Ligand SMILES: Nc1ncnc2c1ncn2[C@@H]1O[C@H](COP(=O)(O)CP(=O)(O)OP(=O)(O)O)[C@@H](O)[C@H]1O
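A lone chain, given as structure tokens: the form solved without the named molecule.
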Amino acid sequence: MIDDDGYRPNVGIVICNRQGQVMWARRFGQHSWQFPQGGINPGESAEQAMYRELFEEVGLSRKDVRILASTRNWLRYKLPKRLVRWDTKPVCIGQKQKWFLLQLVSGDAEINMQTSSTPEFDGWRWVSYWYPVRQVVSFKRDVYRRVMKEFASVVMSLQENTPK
């Protein structure tokens, strides 16, 4: 889906545990790594798209998550023109991203990377929140560090409440 003017709305998910580790995964047939994410379908809300795309990425469903935080501002970015697909219509030049921190309810056991017959991810790991930002390129880094910092303050207190 693209909205109209070559932007498209998008959402992403972060999970942490009470050790201050965040989930990270690696998409099938890539060897590069990302936070779980997906597009808002036309007429979805950001939170509905979050729960939908969570199922598509992690196989996880609403039952075994809770929203602990979400981005107050949208993390927008423009692509460099090498990645722009001028040949197709409408052309994408950027997206707005809303992110959501959930805590896993049963823990990492409730992840299934093969929702479809094809695994959507080739790999997954749990990592400290700042480690991830190191692997990505400049414009994804900017988003990924925002995604971490925006929710980081909840994670500290989420280790201490041991909000159960």
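From 1 onward, residues are counted along the sequence shown.
Just so you know, the form solved in complex with the named molecule exists too; it's not on screen, but the next bit is about it.
The partner is absent here, but in the deposited bound form a heavy atom of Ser32, alone among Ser32, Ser116, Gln48, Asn112, sits within 4.5 Å of the named molecule. With respect to the named molecule in the deposited bound form, the three residues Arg8, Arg27 and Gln95 uniformly fall within 4.5 angstroms at the level of their nearest heavy atom. Interface residue remark: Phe139 is counted as part of the site for the named molecule in the deposited bound form, having a heavy atom within 4.5 Å. The named molecule is not shown here, and in the deposited bound form it never comes within 4.5 Å of any heavy atom of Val91. Residues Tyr77, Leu79, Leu83 are the ones in 58-86 with at least one heavy atom within 4.5 Å of the named molecule in the deposited bound form, listed in sequence order.
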